[PDB]
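Following: one structure in structure tokens, then a few remarks.
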Amino acid sequence: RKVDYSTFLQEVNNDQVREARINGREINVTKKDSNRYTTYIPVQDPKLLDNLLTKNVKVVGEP
Amino acid sequence: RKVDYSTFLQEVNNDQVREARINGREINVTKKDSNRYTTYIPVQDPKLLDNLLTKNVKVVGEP
Amino acid sequence: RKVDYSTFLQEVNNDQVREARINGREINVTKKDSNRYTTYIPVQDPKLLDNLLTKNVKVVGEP
Amino acid sequence: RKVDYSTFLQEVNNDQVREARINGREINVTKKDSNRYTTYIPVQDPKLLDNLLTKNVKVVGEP
Amino acid sequence: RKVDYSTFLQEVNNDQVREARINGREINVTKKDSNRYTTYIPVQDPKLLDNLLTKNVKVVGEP
Amino acid sequence: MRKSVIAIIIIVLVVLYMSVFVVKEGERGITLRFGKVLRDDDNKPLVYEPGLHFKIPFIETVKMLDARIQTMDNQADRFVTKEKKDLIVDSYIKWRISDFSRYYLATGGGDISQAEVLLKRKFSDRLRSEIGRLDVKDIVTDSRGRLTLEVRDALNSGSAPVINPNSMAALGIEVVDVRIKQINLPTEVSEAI
Amino acid sequence: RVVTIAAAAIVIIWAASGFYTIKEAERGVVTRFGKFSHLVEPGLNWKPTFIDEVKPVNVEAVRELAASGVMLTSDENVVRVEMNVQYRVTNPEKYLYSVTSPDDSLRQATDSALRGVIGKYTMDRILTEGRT
Amino acid sequence: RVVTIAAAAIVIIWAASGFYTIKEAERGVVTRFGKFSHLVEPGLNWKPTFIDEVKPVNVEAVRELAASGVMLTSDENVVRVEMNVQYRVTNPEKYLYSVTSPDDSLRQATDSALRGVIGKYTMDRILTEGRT
């Protein structure tokens, strides 16, 4: 089940997810209600990390 | 042992890391209490290197 | 020899390095007292070149 | 002739350069007095082209 | 015909170009007076695209 | 056999390569043997004008003397004018080697450093003595017509084929032009202005 | 037969290394073992390799020099003055052998001449009717 | 023939130990036992070991020293005076066999002469026309 990047941004703007597993382009996302999905970054977005860090959303990388 | 990036940055702001050996995608980290672990950059963040330099945290590259 | 990147940073802040030869990943540092050593960059730092210039440190590229 | 990058810079700010041709990392530098010397870029500098343009220095690309 | 990058920027700043087809480094410039030539981007210039869009210049990418 | 012929021809070729001598048009250079190149050809050593020459492989060493005008600049100086006002003169002097043998013999070494320091000392002394008689306004107004030409003529002649030991003509050097680049005032006078 | 083939090979290498190119704008000064052989026009040319050397010099191009300084005037006044000097190279043997680094010598001469000329005039006369 | 071989070896050792080198700026003095009988120019030379002793002294290079002091003037006024003295060495025999450590002796002589001259003139003359 795949979710739009924009929708991801207004969703995290509403403080509703907890974890962001970043695997290169694709991201594994779990909401506050234990709903898991995948989102794709269109292009490189520097503001992504700043927005994710500011709103207390945890991020984890992958090997 | 792998440690989450958000926890890593918060711990760095806590001034509890002493050395961070960065291997490109990888980071090998030593806590002030001699605890060794390993973490990952999700996507390139110059603010990471800025935060480690301003916190007087040792940074190590390798060939 | 090998020297930590943060050590190089604080070293160039105090103005006792003279020549810095950049070969891609590696750095061959020349001290003011004819001491030569080697440093490595953790990750791409735009502020590095500006900082080296503003302190009147010779910078030499390689083919 | 090989000339390092720093003195090329303070020659640019002291407008002794007339034409610079950049094929790759290297720059074929021509002075106002028609003396040419090659320079090597240590690491990519975003401010380099801006500084070159503001000083009214002729810039030439390469195929 | 080949026209230098700085000359091309002086031309676009003076409202003389109409459309620009960008193929990687290569750029095919068409002036407002139906004269076509070709230029090359020396290094990555972030200000280039902003300057082109600001001066009401048609910009066309290619496969 | 043919191997011996190849060996002998390559050995004579490398001997010729080690014994070849080249002198460029710009400079005139004489051979440097450890003992005897001094006082060659009776009193005056050999000049060795530019061109091909032959040298003994190891008894002597190559070295060159430049043969065109050199520039020596005095970055900063302090002079006292007639009215006891300090002045800073930044000036450059152009000198040409007149006679090479006497230039080599009189200077301690073939290096231009010794001749440069001798010229700087004499020129500085010559200049200091000359200026003290004038006023700062006259210095800044018509220096070239009253200082530089007179200093150059005095340094060439040596006043204050007859050669004065005091004169620079006694040395192999000759002064072709003396100019004053920049004139500066003490920080107090500059602040007052 | 070996000696003849060796001679042919060495003369072929001699001729191949003999050729050189000189840019259209520039001229050349060729010296055989440092004797100033002659003056060489632009284009493709031949010279005995390992015997004579050619030095190229930019003659067609026009060279510009900038001279700036804080300079004392006649009426005990200091002014910042900037000049540009355009010059071109002729008879390149003179440019190559008369004076070491002619550009620096010309820069120093320009500074000296600027000081000499500016010393005569007063500040206001400069600031108003300088250029001509 | 063992004695002959030993004698040849001693002669070869003599030849290999006799030679010495002198830099261009320096000049050597060779002493025949105690007495000095020759001065040698900057070139490769050979001396009989244990029979001749060579000492090199720098000549061309110039030595520079500083003389600085708190001084009493003619009108009993204190002044800080600094000077630099540059000298060179000639006649190495005198430089080596006249005074113990001539550099220190020249330093003290310079200090004494500067003391003698500064106290002759008054304070303001020293302050204004001290340079020439």
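Quick note on naming: the chains in the structure tokens go A, B, ... in the order shown, residues restart at 1 in each chain, and ligands are numbered from 1 in order of appearance.
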
Per residue of chain G within 6 Å of chain F, what are the shortest atom pair and its distance in Å to one decimal, counting only C-alpha atoms, with rows by chain and residue number, as a tab-separated table?
residue	atom	partner	partner_atom	distance
G:33	CA	F:51	CA	5.8
G:34	CA	F:24	CA	4.1
G:35	CA	F:25	CA	5.7
G:97	CA	F:26	CA	5.5
G:98	CA	F:68	CA	5.8
G:99	CA	F:69	CA	5.0
G:111	CA	F:181	CA	5.7
G:112	CA	F:181	CA	4.4
G:119	CA	F:141	CA	4.9
G:120	CA	F:141	CA	5.3

With N, CA, C and O atoms retained, could you export that selection as a PDB file, in the first residue's frame?
ATOM      1  N   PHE G  33      71.394  26.178 -29.628  1.00  0.00           N
ATOM      2  CA  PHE G  33      72.303  26.154 -28.477  1.00  0.00           C
ATOM      3  C   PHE G  33      72.525  27.553 -27.895  1.00  0.00           C
ATOM      4  O   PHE G  33      73.635  27.946 -27.533  1.00  0.00           O
ATOM      5  N   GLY G  34      71.426  28.289 -27.759  1.00  0.00           N
ATOM      6  CA  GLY G  34      71.463  29.604 -27.136  1.00  0.00           C
ATOM      7  C   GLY G  34      72.221  30.659 -27.912  1.00  0.00           C
ATOM      8  O   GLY G  34      73.007  31.412 -27.323  1.00  0.00           O
ATOM      9  N   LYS G  35      72.005  30.733 -29.222  1.00  0.00           N
ATOM     10  CA  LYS G  35      72.635  31.752 -30.050  1.00  0.00           C
ATOM     11  C   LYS G  35      71.636  32.642 -30.778  1.00  0.00           C
ATOM     12  O   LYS G  35      72.043  33.400 -31.663  1.00  0.00           O
ATOM     13  N   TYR G  97      65.057  39.307 -23.658  1.00  0.00           N
ATOM     14  CA  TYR G  97      66.423  39.335 -23.153  1.00  0.00           C
ATOM     15  C   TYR G  97      66.846  40.647 -22.510  1.00  0.00           C
ATOM     16  O   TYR G  97      67.854  40.661 -21.799  1.00  0.00           O
ATOM     17  N   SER G  98      66.122  41.744 -22.738  1.00  0.00           N
ATOM     18  CA  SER G  98      66.568  43.030 -22.209  1.00  0.00           C
ATOM     19  C   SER G  98      66.413  43.095 -20.694  1.00  0.00           C
ATOM     20  O   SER G  98      67.345  43.485 -19.980  1.00  0.00           O
ATOM     21  N   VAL G  99      65.245  42.717 -20.181  1.00  0.00           N
ATOM     22  CA  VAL G  99      64.924  42.879 -18.767  1.00  0.00           C
ATOM     23  C   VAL G  99      64.189  41.640 -18.276  1.00  0.00           C
ATOM     24  O   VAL G  99      63.278  41.141 -18.945  1.00  0.00           O
ATOM     25  N   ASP G 111      54.106  52.976 -11.704  1.00  0.00           N
ATOM     26  CA  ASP G 111      53.902  53.553 -10.378  1.00  0.00           C
ATOM     27  C   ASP G 111      54.802  54.765 -10.162  1.00  0.00           C
ATOM     28  O   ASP G 111      54.359  55.795  -9.638  1.00  0.00           O
ATOM     29  N   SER G 112      56.070  54.663 -10.570  1.00  0.00           N
ATOM     30  CA  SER G 112      56.990  55.785 -10.411  1.00  0.00           C
ATOM     31  C   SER G 112      56.544  56.994 -11.223  1.00  0.00           C
ATOM     32  O   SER G 112      56.565  58.128 -10.726  1.00  0.00           O
ATOM     33  N   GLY G 119      52.685  64.357  -8.108  1.00  0.00           N
ATOM     34  CA  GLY G 119      53.318  65.236  -7.138  1.00  0.00           C
ATOM     35  C   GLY G 119      53.207  66.703  -7.511  1.00  0.00           C
ATOM     36  O   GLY G 119      53.190  67.575  -6.640  1.00  0.00           O
ATOM     37  N   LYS G 120      53.124  66.995  -8.811  1.00  0.00           N
ATOM     38  CA  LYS G 120      53.157  68.381  -9.265  1.00  0.00           C
ATOM     39  C   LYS G 120      51.832  69.100  -9.041  1.00  0.00           C
ATOM     40  O   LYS G 120      51.821  70.309  -8.784  1.00  0.00           O
TER      41      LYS G 120
END

Can you pull out every residue from chain E that DSSP, working from the backbone, puts in strand (DSSP E or B), and format the result as JSON, numbers by chain?
{"E": [2, 17, 18, 19, 20, 21, 22, 23, 26, 27, 28, 29, 30, 31, 36, 37, 38, 39, 40, 58, 59, 60, 61]}

Just the selected residues (N, CA and C atoms), exported as a PDB file, in the first residue's frame, please.
ATOM      1  N   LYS E   2      29.686  28.769 -31.014  1.00  0.00           N
ATOM      2  CA  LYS E   2      29.861  28.620 -29.577  1.00  0.00           C
ATOM      3  C   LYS E   2      30.017  29.996 -28.951  1.00  0.00           C
ATOM      4  N   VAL E  17      17.654  36.748 -25.037  1.00  0.00           N
ATOM      5  CA  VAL E  17      17.373  35.358 -25.368  1.00  0.00           C
ATOM      6  C   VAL E  17      15.883  35.108 -25.202  1.00  0.00           C
ATOM      7  N   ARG E  18      15.370  34.130 -25.946  1.00  0.00           N
ATOM      8  CA  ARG E  18      13.954  33.797 -25.934  1.00  0.00           C
ATOM      9  C   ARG E  18      13.687  32.406 -25.387  1.00  0.00           C
ATOM     10  N   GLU E  19      14.345  31.385 -25.927  1.00  0.00           N
ATOM     11  CA  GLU E  19      14.192  30.020 -25.455  1.00  0.00           C
ATOM     12  C   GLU E  19      15.560  29.370 -25.312  1.00  0.00           C
ATOM     13  N   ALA E  20      15.666  28.468 -24.338  1.00  0.00           N
ATOM     14  CA  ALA E  20      16.930  27.800 -24.030  1.00  0.00           C
ATOM     15  C   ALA E  20      16.626  26.316 -23.819  1.00  0.00           C
ATOM     16  N   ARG E  21      17.171  25.487 -24.701  1.00  0.00           N
ATOM     17  CA  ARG E  21      17.071  24.045 -24.547  1.00  0.00           C
ATOM     18  C   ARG E  21      18.300  23.535 -23.810  1.00  0.00           C
ATOM     19  N   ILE E  22      18.084  22.961 -22.631  1.00  0.00           N
ATOM     20  CA  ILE E  22      19.162  22.508 -21.761  1.00  0.00           C
ATOM     21  C   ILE E  22      19.292  21.000 -21.904  1.00  0.00           C
ATOM     22  N   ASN E  23      20.461  20.550 -22.354  1.00  0.00           N
ATOM     23  CA  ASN E  23      20.778  19.131 -22.473  1.00  0.00           C
ATOM     24  C   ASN E  23      22.015  18.873 -21.621  1.00  0.00           C
ATOM     25  N   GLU E  26      25.369  21.023 -21.917  1.00  0.00           N
ATOM     26  CA  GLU E  26      25.143  21.776 -23.141  1.00  0.00           C
ATOM     27  C   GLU E  26      23.820  22.532 -23.081  1.00  0.00           C
ATOM     28  N   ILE E  27      23.819  23.739 -23.643  1.00  0.00           N
ATOM     29  CA  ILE E  27      22.633  24.582 -23.718  1.00  0.00           C
ATOM     30  C   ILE E  27      22.545  25.145 -25.128  1.00  0.00           C
ATOM     31  N   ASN E  28      21.377  25.014 -25.749  1.00  0.00           N
ATOM     32  CA  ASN E  28      21.129  25.562 -27.077  1.00  0.00           C
ATOM     33  C   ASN E  28      20.317  26.841 -26.922  1.00  0.00           C
ATOM     34  N   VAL E  29      20.968  27.977 -27.102  1.00  0.00           N
ATOM     35  CA  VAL E  29      20.342  29.272 -26.880  1.00  0.00           C
ATOM     36  C   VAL E  29      19.795  29.800 -28.195  1.00  0.00           C
ATOM     37  N   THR E  30      18.559  30.288 -28.156  1.00  0.00           N
ATOM     38  CA  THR E  30      17.945  30.996 -29.273  1.00  0.00           C
ATOM     39  C   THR E  30      17.693  32.427 -28.819  1.00  0.00           C
ATOM     40  N   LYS E  31      18.275  33.387 -29.526  1.00  0.00           N
ATOM     41  CA  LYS E  31      18.080  34.779 -29.165  1.00  0.00           C
ATOM     42  C   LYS E  31      16.741  35.286 -29.688  1.00  0.00           C
ATOM     43  N   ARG E  36      20.651  31.498 -33.290  1.00  0.00           N
ATOM     44  CA  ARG E  36      20.866  30.345 -32.429  1.00  0.00           C
ATOM     45  C   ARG E  36      22.355  30.089 -32.257  1.00  0.00           C
ATOM     46  N   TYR E  37      22.736  29.669 -31.056  1.00  0.00           N
ATOM     47  CA  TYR E  37      24.106  29.255 -30.782  1.00  0.00           C
ATOM     48  C   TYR E  37      24.082  28.254 -29.634  1.00  0.00           C
ATOM     49  N   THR E  38      25.271  27.835 -29.209  1.00  0.00           N
ATOM     50  CA  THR E  38      25.405  26.796 -28.197  1.00  0.00           C
ATOM     51  C   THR E  38      26.427  27.221 -27.158  1.00  0.00           C
ATOM     52  N   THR E  39      26.117  26.970 -25.889  1.00  0.00           N
ATOM     53  CA  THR E  39      27.024  27.256 -24.789  1.00  0.00           C
ATOM     54  C   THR E  39      27.113  26.036 -23.884  1.00  0.00           C
ATOM     55  N   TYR E  40      28.056  26.077 -22.949  1.00  0.00           N
ATOM     56  CA  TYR E  40      28.281  24.978 -22.023  1.00  0.00           C
ATOM     57  C   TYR E  40      28.403  25.509 -20.603  1.00  0.00           C
ATOM     58  N   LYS E  58      11.944  31.185 -21.922  1.00  0.00           N
ATOM     59  CA  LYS E  58      11.478  29.819 -22.101  1.00  0.00           C
ATOM     60  C   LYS E  58      12.609  28.838 -21.828  1.00  0.00           C
ATOM     61  N   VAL E  59      12.316  27.797 -21.052  1.00  0.00           N
ATOM     62  CA  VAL E  59      13.296  26.778 -20.691  1.00  0.00           C
ATOM     63  C   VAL E  59      12.731  25.418 -21.070  1.00  0.00           C
ATOM     64  N   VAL E  60      13.515  24.628 -21.803  1.00  0.00           N
ATOM     65  CA  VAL E  60      13.057  23.342 -22.318  1.00  0.00           C
ATOM     66  C   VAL E  60      14.096  22.274 -22.008  1.00  0.00           C
ATOM     67  N   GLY E  61      13.677  21.222 -21.304  1.00  0.00           N
ATOM     68  CA  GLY E  61      14.539  20.078 -21.107  1.00  0.00           C
ATOM     69  C   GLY E  61      14.475  19.097 -22.265  1.00  0.00           C
TER      70      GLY E  61
END

Alpha helix (DSSP H) per DSSP on the backbone: members of chain D, as a list in words:
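Selection result, alpha helix (DSSP H) within chain D: residues 5, 6, 7, 8, 9, 10, 11, 12, 13, 46, 47, 48, 49, 50, 51, 52, 53 and 54 of chain D.
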
For the residues in that selection, give me N, CA and C atoms as a compact mmCIF listing (two decimals), in the first residue's frame.
# COMPACT_ATOMS: atom_id res chain seq x y z
N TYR D 5 45.46 27.05 -6.07
CA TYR D 5 44.14 27.65 -6.21
C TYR D 5 43.99 28.93 -5.40
N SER D 6 44.65 29.02 -4.24
CA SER D 6 44.47 30.19 -3.38
C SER D 6 44.96 31.47 -4.05
N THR D 7 46.22 31.47 -4.52
CA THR D 7 46.75 32.68 -5.13
C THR D 7 46.00 33.01 -6.41
N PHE D 8 45.46 31.99 -7.08
CA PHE D 8 44.53 32.24 -8.17
C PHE D 8 43.32 33.02 -7.67
N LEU D 9 42.82 32.69 -6.48
CA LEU D 9 41.71 33.46 -5.94
C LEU D 9 42.09 34.92 -5.70
N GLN D 10 43.12 35.18 -4.89
CA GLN D 10 43.37 36.60 -4.60
C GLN D 10 43.93 37.33 -5.82
N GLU D 11 44.28 36.60 -6.88
CA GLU D 11 44.49 37.25 -8.17
C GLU D 11 43.15 37.61 -8.81
N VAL D 12 42.15 36.75 -8.66
CA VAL D 12 40.82 37.05 -9.21
C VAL D 12 40.22 38.26 -8.52
N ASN D 13 40.25 38.29 -7.18
CA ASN D 13 39.73 39.45 -6.46
C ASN D 13 40.56 40.70 -6.73
N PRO D 46 30.76 26.28 -4.39
CA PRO D 46 29.60 26.98 -4.96
C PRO D 46 29.83 28.46 -5.17
N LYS D 47 30.66 29.09 -4.34
CA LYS D 47 30.88 30.52 -4.45
C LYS D 47 31.90 30.87 -5.53
N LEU D 48 32.56 29.86 -6.11
CA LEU D 48 33.63 30.12 -7.07
C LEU D 48 33.11 30.84 -8.31
N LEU D 49 32.06 30.30 -8.93
CA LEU D 49 31.55 30.90 -10.16
C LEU D 49 30.94 32.27 -9.88
N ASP D 50 30.28 32.42 -8.73
CA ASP D 50 29.72 33.72 -8.37
C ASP D 50 30.82 34.76 -8.21
N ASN D 51 31.91 34.41 -7.52
CA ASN D 51 33.02 35.33 -7.35
C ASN D 51 33.64 35.67 -8.71
N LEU D 52 33.79 34.66 -9.57
CA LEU D 52 34.35 34.90 -10.90
C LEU D 52 33.48 35.87 -11.69
N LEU D 53 32.16 35.70 -11.63
CA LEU D 53 31.26 36.54 -12.42
C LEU D 53 31.21 37.97 -11.89
N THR D 54 31.15 38.13 -10.56
CA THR D 54 31.05 39.48 -10.01
C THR D 54 32.28 40.32 -10.33

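Going from atom CA of residue 41 of chain F over to atom CA of residue 99 of chain F, you cover 15.4 Å.
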